[PDB]
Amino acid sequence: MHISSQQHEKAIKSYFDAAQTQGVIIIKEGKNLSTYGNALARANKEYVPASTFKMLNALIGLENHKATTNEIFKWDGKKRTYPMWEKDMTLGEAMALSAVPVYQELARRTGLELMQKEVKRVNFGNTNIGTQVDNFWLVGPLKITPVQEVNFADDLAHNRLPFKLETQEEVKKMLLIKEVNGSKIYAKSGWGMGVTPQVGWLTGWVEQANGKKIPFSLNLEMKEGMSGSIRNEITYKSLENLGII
């Protein structure tokens, strides 16, 4: 392709600049990590994983028979932050809606002791979950870097995490968020509502027509009144600019 790296870099930086935030998107092609965006130093800084942790919470719960993929987690009938969460759902539906209460139930079934063992076994982020099994991914102490998130996505895309192949395939099926021509984007969003500043994530991979998998992790600051879809919009524009989709 004829486009200079200077032009790619400028373009992707401009997507973050135009959203009036600061962020980075890391793309991995084979073993090579490339960092783009308007705040490149964010790449090895630690942030809460927020709802990106649902990927690992689901792997842990399924591997340890705390749930099945068809099990319906019933709404308890209490008011929730979003009306869309006031319904009964499977893990997959809860992944797509980022329904925190379903994943809090799953975490409680797993329990603190097992959760800390599994998070250590996977070597996710700083690996510390502290003492509160139902919010450790939302308010600390668990933290992870964008480089660590893209490497996690790389591991899951290639079935390299230390879970059964079937467990990994089950969770991957929950993560399909877009199809663009013959490309599929598998990813999970994150929004750290309970930290300041608030972190936004979109971490996953592109599966191209030919079967090549290109992992990515977008990380930015979510500003007052910003819409969640900005994470998706910047990610898709960046991937399209690079010709990945």
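Each residue number is its position in the shown sequence, starting from 1.
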Report task. Check the entry's C-alpha temperature factors for 98 to 106 and 117 to 125, then say which stretch has the higher mean. Result -> 117 to 125
Query raised in the report: Of the two stretches 174 to 182 and 60 to 68, which shows the higher Cα B-factor on average in the entry?
Result: 174 to 182
Report summary line: Residue set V150, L165, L91, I144, per-entry CA B-factor max assigned to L165
Query raised in the report: Taking the Cα B-factors listed in the entry, which of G204, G37, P197, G200 comes out highest?
Result: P197
Report summary line: Of the three thirds of the chain ranked by Cα temperature factor, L218 occupies the lowest
Query raised in the report: What third of its chain's C-alpha B-factors does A187 belong to: lowest, middle or highest?
Result: lowest
Report task. Going by the recorded CA B-factors, say which third of the chain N210 sits in, lowest, middle or highest. Result -> highest
Query raised in the report: Once the chain's modelled residues are ordered by C-alpha B factor and cut into thirds, is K87 in the lowest, middle or highest one?
Result: lowest
Report summary line: Binned into thirds over the chain's modelled residues, the C-alpha B-factor of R42 lands in the lowest
